[PDB]
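What follows is a single chain, given as structure tokens, in the form deposited in one PDB entry.
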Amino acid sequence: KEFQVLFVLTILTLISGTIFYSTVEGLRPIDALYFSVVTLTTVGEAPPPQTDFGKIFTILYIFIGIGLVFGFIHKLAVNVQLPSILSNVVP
């Protein structure tokens, strides 16, 4: 399914960021995963990377990841959350 592919791609993208920021920025995996998530969702509740490699990766990560992550959120909202709500609203 479209949703299943987007879900997996999003997980892989977030794992990749988790590995990158935990390695290069010396973050605990949960901090690395959190940073990846608030970066790609554009929430941005975190200070900037300290290293030039962190900054370069983040620049490329944003352009590569944001379209995928927002596609996933759009399909989540449209093909999972919306039918669920409709179903919850029928007496």
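Between two forms, the rigid core is defined as the largest C-alpha subset superposing within 1.5 Å. Note that residue numbering follows the sequence shown and begins at 1.
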Inset, instruction - Using only the Cα atoms and their B-factors as the entry lists them, report which of 8-16 and 68-76 averages higher. - result: 68-76
Inset, instruction - Check the entry's C-alpha temperature factors for 29-37 and 59-67, then say which stretch has the higher mean. - result: 59-67
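One more form of this protein exists, namely the form deposited in another entry; it is left out here, but the text below deals with it.
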Legend entry - Out of 76, 24, 15, 9, the residue that alone shifts its CA by 2 Å or more between the shown form and the other one when the rigid core is the reference: 76
